[PDB]
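>>> Below is the sequence, then the experimental coordinates.
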Amino acid sequence: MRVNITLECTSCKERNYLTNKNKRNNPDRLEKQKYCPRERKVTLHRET
Amino acid sequence: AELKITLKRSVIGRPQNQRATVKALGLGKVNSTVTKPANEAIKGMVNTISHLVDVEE
Amino acid sequence: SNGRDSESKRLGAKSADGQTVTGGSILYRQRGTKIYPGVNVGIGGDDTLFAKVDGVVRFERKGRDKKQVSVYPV
Amino acid sequence: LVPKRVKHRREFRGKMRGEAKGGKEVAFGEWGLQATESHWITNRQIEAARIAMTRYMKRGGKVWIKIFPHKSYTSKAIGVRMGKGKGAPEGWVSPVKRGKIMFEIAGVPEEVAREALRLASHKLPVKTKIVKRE
RNA sequence: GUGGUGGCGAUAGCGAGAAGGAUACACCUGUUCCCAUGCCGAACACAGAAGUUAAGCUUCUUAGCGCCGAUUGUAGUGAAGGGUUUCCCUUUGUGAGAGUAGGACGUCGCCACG
RNA sequence: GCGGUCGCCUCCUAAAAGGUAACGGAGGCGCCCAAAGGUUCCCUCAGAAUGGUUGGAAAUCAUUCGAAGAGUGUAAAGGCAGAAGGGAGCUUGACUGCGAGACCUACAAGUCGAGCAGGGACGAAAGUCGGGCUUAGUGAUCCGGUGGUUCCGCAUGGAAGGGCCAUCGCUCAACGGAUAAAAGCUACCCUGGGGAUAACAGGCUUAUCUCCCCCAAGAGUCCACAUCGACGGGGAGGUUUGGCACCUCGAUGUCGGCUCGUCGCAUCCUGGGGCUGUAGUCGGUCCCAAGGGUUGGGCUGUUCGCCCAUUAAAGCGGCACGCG
RNA sequence: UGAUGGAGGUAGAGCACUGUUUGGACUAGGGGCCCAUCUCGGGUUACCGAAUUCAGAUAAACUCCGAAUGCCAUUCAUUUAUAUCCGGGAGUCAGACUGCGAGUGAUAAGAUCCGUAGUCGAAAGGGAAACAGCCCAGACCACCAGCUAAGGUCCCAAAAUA
Ligand SMILES: [K+]
Ligand SMILES: [K+]
Ligand SMILES: [K+]
Ligand SMILES: [K+]
Ligand SMILES: [K+]
Ligand SMILES: [Mg+2]
Ligand SMILES: [Mg+2]
Ligand SMILES: [Mg+2]
Ligand SMILES: [Mg+2]
Ligand SMILES: [Mg+2]
Ligand SMILES: [Mg+2]
Ligand SMILES: [Mg+2]
Ligand SMILES: [Mg+2]
Ligand SMILES: [Mg+2]
Ligand SMILES: [Mg+2]
Ligand SMILES: [Mg+2]
Ligand SMILES: [Mg+2]
Ligand SMILES: [Mg+2]
Ligand SMILES: [Mg+2]
Ligand SMILES: [Mg+2]
Ligand SMILES: [Mg+2]
Ligand SMILES: [Mg+2]
Ligand SMILES: [Mg+2]
Ligand SMILES: [Mg+2]
Ligand SMILES: [Mg+2]
Ligand SMILES: [Mg+2]
Ligand SMILES: [Mg+2]
C-alpha cells in the first residue's frame, strides 16, 4: 500500500529521486518540481 | 616558611590518589624526609594524606 | 517478559566551560532542548548543540530556570 | 490492609538506615507507640495489634494507624532454583524506620492506653516504647 | 511628566484600593476606499476627531497571594578509623532541604515631545 | 531440557559526567504523513462555575475562572505556550555535488554539522528551508534484475559480456547473516575432556522441617495461664524439603537388611520431684536424670506403614540417611 | 593538590505535579424504611460515599528543591615525571575474597551479578592459635646492630603481676 517510488524527469527520462507514497491517499501518479542535475534546472518529475 | 614531611605509614592498600600525592611530593620509602614550601597546593596534599604523614614547620 | 534495553547513547556535555574549541564541534548532545542555543551556537535535528566558530565555551542561565550555551571568540 | 491499586506490581526491598522523616511525634491521639528500631511491618501484624488494642479498650476511644503497607514483597516456591525471573508477590509491607509513631490512641484513660500499647508491642517485631502528647 | 524601546534570575509579578489625561496613549464614530472577517468592519485594515478617560494605561498605598532569602542547628556525606557489621558510632572537613529573621509593590539605560 | 530470549528504541537498576551486568523491573518498534513537510501570517489549551431548549452527568453557545494540570501521528523519557501545539494562504528544500570539524567507536557502521557552489520555494525584507519534536521503523557481502553512462571491449570494427552511477529483490527475525539446499533414535554405543557442570554424602545458609519460648483474645461450670491456646511475634538445632555448586568425574558404591556397635538427650521404661480441674487406682503436664534396657512374627525388595501377640518399655536422631 | 568556572538531579529533604494513603468537616451521588405512588418530593441509620478542604504520611521507574564526592576544562599556580604517534613481540577473554553503593535472593549463603577501592592471583615477612583473599608491611645481599608498625607485655612465648 505504502510503496517506495522512483520519480523520473519527464524530459531526460532519468530517475533522479527516491520517495514514498500511499496508493489510497495518493492514487494519481505523483508529480513534483525537482532538480535534474543532468539538466541543472528544475523540472516536472513524474512517478514511474 | 618551608615544611618538612615524613611518611609514617605505608602506601600499600591506599588508593592511587594518595599514592600519587606521595610520588608527587617525591617520597618513596617510609621515614623519608623531604622539604617543601608552604603553598596551598602542598598543604592540600598534606591534608589529603595527613593520616599517612607527619610534618614539621 | 522484561529482559531488554537499548544502546545507551552518550548524551550530556562534551565541551567544558572555559574551553577553547574548533568550529563545528559538539558541546552538548541531548534529547529535547534541556539547554538552549545561544551566541555562535546552532542546533541540530536531534537537538544537539554545536559551535559555529571558534572560541571559549560559556554556559549561562537564560534568566531564571533555563540554560544557555555561548561561544565568545578571541 | 492492602492498597487497592498499584502502578508497579514489583518493587525494591529498599534500605532502612536513618531515622524517619515524619510520623515522628504524636499528633492526633494522646498516646502513641514509638519505634526504637527500624524494621518491616506487615498487614497481619498491623491487624493483630489493632484488634488487640480495640478489644482491651472495649471499643472505647479511638485508634489511628499512621503507617500503611505500600510496598510488596515476593518469594519463590520451595523447590525453585534461583533465576528465571522474579518471584510472585506474597503480601504487603510497610518499612517503618526508628523514631516513627505507628499507633496513636485517645479517648481512653492512661493506664488502659499503656496496656493496650504494651499488647500491640508484644504483637509487633519492633522494640517499641510509649510516647505522650503535650 | 507622558509615550516608545531595550538589559538585569518577578526582590520587577498577581490581587485590592486612590487619583489623572496638559501633550500623549487609549478607548471612541464609521466602512468611503488598500485589506479582512470557514458568520460578523468584534479581531485585521483604512479614515476621522463629536465625546469619555469609565476601562485599559500611568503614578501612589497595600506584605493578602506569589518571588527572593540569610544566620544558627540538623540530616546527608568525602577522608581517617572503631564496633556488638542487612546497621550504628567517633575525629576532621563540607553542608543541604524544611522552618524562619528579613527583603521586596523595581532597577539600569537610550530616544521623541512637553 | 521446556518456557523465555537473540535485532532496534525509551525509562529504572545505573551509585547527580559518560559507561556499567543479571533468566532484574516496566513498555514499545519492524511504521506512518503528499500534509501530520517547508515558508509567511494569525491564534492558544484542559477542565470547573454560571445560564441556556430538545439535551442527558456530559455534545453545541456565551462570560469568568483559568500556567498548562492540554496537545505534541505512533511507546516511555526529555522538551516545547517567545511555541516543536492549533488554523489559513503559497508551494515541494522529503533538492543536486559536497563538507571543515566534532561526538560515539575494536572494526564495520552510526550521529551532528556551520559553510561553499548550482538551481529554487516562501516571504516586502531580514532570513528559514538538505523532511516530521528528539531519540526505534531495520540488515553486510555474494548473487541476480531495471534505467542511464563521455568507461572497457582478447589482431581490427562491432557484438557478446563486464565496470561506474541510481535503484529493486532477504521475518538471511538464530537480525555482523555457515551452505543455493538439511529432521531424529541409540539401553548395542565408542573416543576425547571436565568437579569449569548435574547430583548422594560433605561444606555455607536455615526459607522450610523439628523443637522451645513471648503476648495473651478465648475454651475450660466460674477462673486467661491444671490443661489447651487463635491472630501475631522471637529464637535454637542442623535429622526433613530446599537454595549455592566450594571438594570429589586419571571412579563416587546406590537403597534396604545382616554382623558389630558408639554417641547425644529434645527420656520410651525404670529413678527423684513440683503443680493439678491430683479423692484412691490410673493419670495429665513440667523440671532433673543418658546408668542400663528398649521383643518376636505375617505383607511388601522395601525404610516407613498396617496387622497379630507380648512387653516394665517396644524412644527420636547422628556416626559418608555408620559399617559392601 | 590548590584556586576558578561549568555540566549533571544522586543521598537527603519535600508534596509544588504523577501515583499510594490515614483521620476529621461538608457533600454530589448510591442504598433501603415510610408517607405519598403517575413512583412521585422527602427524612432519617451519626448507612456507603465522588469531589473540595484542614491536618498527617509515602515512593526505584514522583521532584518545588538539592549536597558531599566524583567528572570536564583553564597560552592559571605548586610539586613530580609519564602521556602521545609509529612499528615488532606477546599473553589475557574460568577470576576469588574483604570494605562501601545497588539489584536478584528470604535486604540468607564462602550464593549470583555490577560499580568502586584494596589485597590475592603474581607477594614473601610480622599479627589474627592454625588461616590465598582480614590488620601492619613490599624479601638485591651479609651483620650474634638499633628505632618502630599493626598486634601485644602472668607462664607456654620477648616485653608492665605497670
Ligand atoms: K516486640
Ligand atoms: K573451581
Ligand atoms: K566423580
Ligand atoms: K568400609
Ligand atoms: K600488587
Ligand atoms: Mg530530524
Ligand atoms: Mg536554606
Ligand atoms: Mg551517570
Ligand atoms: Mg575485438
Ligand atoms: Mg578475437
Ligand atoms: Mg548474531
Ligand atoms: Mg570416555
Ligand atoms: Mg565445582
Ligand atoms: Mg586417584
Ligand atoms: Mg532433659
Ligand atoms: Mg524375619
Ligand atoms: Mg507362609
Ligand atoms: Mg549408609
Ligand atoms: Mg530517597
Ligand atoms: Mg574498611
Ligand atoms: Mg563467590
Ligand atoms: Mg565488591
Ligand atoms: Mg593463573
Ligand atoms: Mg603474606
Ligand atoms: Mg599458594
Ligand atoms: Mg624500643
Ligand atoms: Mg616473657
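In hand now; what should we look at? Numbering: from 1, shown residues only, chains lettered A, B, ... in the order given. Ligands and ions are numbered 1, 2, ... in the order given.
>>> okay, CA-based contacts and neighbour counts for the rest of this
OK.
>>> do you know how far the residue of chain A found nearest RNA strand G is from residue C:18?
Residue nearest to RNA strand G within chain A (CA to the nearest atom of the strand): residue A:2, separated by 35.2 Å. Using CA to CA, to the nearest Å, one gets 51 Å for the distance from residue A:2 to residue C:18.
>>> cool, residue D:134 as well?
According to CA to CA, residue D:134 and residue C:18 sit 58 Å apart.
>>> And the two? Which one has more around it.
residue C:18 (12 against 7; other CA atoms under 10 Å in any protein chain shown).
>>> That one against residue C:58, yeah?
Yes - using CA atoms under 8 Å, residue C:18 makes contact with residue C:58 at a distance of 6.3 Å.
>>> count of neighbours near residue C:48?
Neighbour count of residue C:48, defined by other CA under 10 Å: 21.
>>> Report the contact partners of it.
C:26, C:27, C:28, C:29, C:30, C:31 (CA atoms under 8 Å, 6 or more residues apart in numbering or on different chains).
>>> Run a quick neighbour tally on the second one.
Residue C:27 is flanked by 21 other residues according to other CA under 10 Å.
>>> if I pick it, what's in contact with it?
C:13, C:14, C:15, C:16, C:48, C:49, C:50, C:51.
>>> Of these, select the buried ones using a PyMOL command.
Selecting only the buried entries of the contacts of residue C:27 in PyMOL, with 16 or more other CA atoms under 10 Å in any protein chain shown as the criterion:
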select buried, chain C and resi 15+48+49+50+51
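>>> Which pair in the contacts of residue C:27 has the greatest spatial separation?
Farthest pair in the contacts of residue C:27 (CA to CA) is C:16 and C:48. Separation: 15.1 Å.
>>> Would you state the strands of chain A in chain order?
In chain A, the segments counted as strands under DSSP state E are A:3-6, A:18-21, A:31-36, A:41-46.
>>> Let me have these in a markdown table, extended by mean neighbour count and distance to residue D:118.
Shown next, in a markdown table, are the strands of chain A (neighbours: other CA atoms under 10 Å in any protein chain shown; distance: least, CA to CA, whole Å):
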| stretch | mean neighbour count | distance to residue D:118 |
| --- | --- | --- |
| strand A:3-6 | 13 | 77 |
| strand A:18-21 | 12 | 77 |
| strand A:31-36 | 16 | 86 |
| strand A:41-46 | 16 | 90 |
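>>> so which of those strands comes closest to RNA strand E?
strand A:18-21 (26.4 Å).
>>> The residue of chain C found nearest RNA strand G: neighbouring residues, count only.
Closest to RNA strand G within chain C is residue C:19: 3.7 Å, counting by CA to the nearest atom of the strand. Other residues near residue C:19 come to 11 when the count uses other CA under 10 Å.
>>> What parts of chain B come near RNA strand G?
B:8-17, B:21, B:23-26, B:29-30, B:36-37, B:39-45, B:48 (CA under 7 Å from any atom of the strand).
>>> Can you flag which of the residues you listed belong to strands?
Among these, DSSP E puts residue B:36 in strands.
>>> Understood, closing this out.
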